[PDB]
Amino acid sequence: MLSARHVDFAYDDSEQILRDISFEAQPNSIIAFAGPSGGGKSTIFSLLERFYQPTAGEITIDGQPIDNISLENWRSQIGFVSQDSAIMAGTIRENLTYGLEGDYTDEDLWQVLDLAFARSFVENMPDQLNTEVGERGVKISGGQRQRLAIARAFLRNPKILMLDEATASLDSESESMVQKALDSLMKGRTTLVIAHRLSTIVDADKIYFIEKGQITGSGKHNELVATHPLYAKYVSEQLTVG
């Protein structure tokens, strides 16, 4: 599994960002992380992607410390899919390819677009796979941009997967084909998601409630809601409505 035992972190000297954090996320599972803004949620992903180090306490992968045990070509194991004010500049092929691991066949890309849900909008597309996108190239509706991100993912083929939602779009119940592409992408790996969609929380195989740099809750929704007043109240106030 991907365990994180007793992690501590502070970006600077002002305040402590993360305080003694412990969690686990195993294969063919999804683990959500929820909580107020400024909790430390993004920060876990940052350390997990190795942008920074835990000031104290290890992060292990399958027994071995991720850090400087698996050189920073550890990124081929990880994959991160999120969205906001973005543009992808270039050819679809080009886009699906900074990774020296994937794309060596146009047919392999097609296998990926199928899984990501695109052999339909990439066939009913101009020079097909060889089209320049965006930047005075083609027009792609937001949802398509994301499915193409899920596409690169599929080809990059990560062992661990990390997600995050910013814009409402699919409000948890809104349910869309970008989501069906997520569901496909999550299947063979270890998913970690910073939850903002209510449904995303209910289905999570394990939830970690994060209140200002600390983990309050540690199990399933069902249980947690009866057990935690502050969690339950978070679910009411901010999550669903506020």
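In this text, residue numbers run from 1 along the sequence as written.
K.L.:
Tell me which of 27-35 and 177-185 has the higher mean C-alpha B-factor in the deposited entry.
P.N.:
So the stretch with the higher mean C-alpha B-factor is 177-185.
K.L.:
Would 96-104 or 69-77 have the larger average of its C-alpha temperature factors, as given in the entry?
P.N.:
Mean CA B-factor is higher for 96-104.
K.L.:
Compare the CA B factors listed in the entry for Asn157, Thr91, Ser169, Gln128 and report the winner.
P.N.:
In the PDB entry, the greatest C-alpha B-factor among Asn157, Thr91, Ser169, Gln128 is found at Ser169.
K.L.:
Relative to the other modelled residues of the same chain, rank the CA B-factor of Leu113 and answer lowest, middle or highest third.
P.N.:
As the PDB entry reports it, the C-alpha B-factor of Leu113 lands in the middle third of its chain.
K.L.:
Is the Cα B-factor recorded for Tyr234 in the lowest, middle or highest third of its chain?
P.N.:
It belongs to the highest third of the chain when residues are ordered by C-alpha B-factor.
K.L.:
Quick check for you: using the entry's CA B-factors within this chain, is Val122 in the lowest, middle or highest third?
P.N.:
For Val122, whose C-alpha B-factor we compare with every modelled residue in the chain, the answer is the highest third.
K.L.:
Once the chain's modelled residues are ordered by C-alpha B factor and cut into thirds, is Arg152 in the lowest, middle or highest one?
P.N.:
Lowest third of the chain for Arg152's C-alpha B-factor.
K.L.:
Among the modelled residues of its chain, does the C-alpha B-factor of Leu163 lie in the lowest, middle or highest third?
P.N.:
CA B-factor rank for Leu163: middle third.
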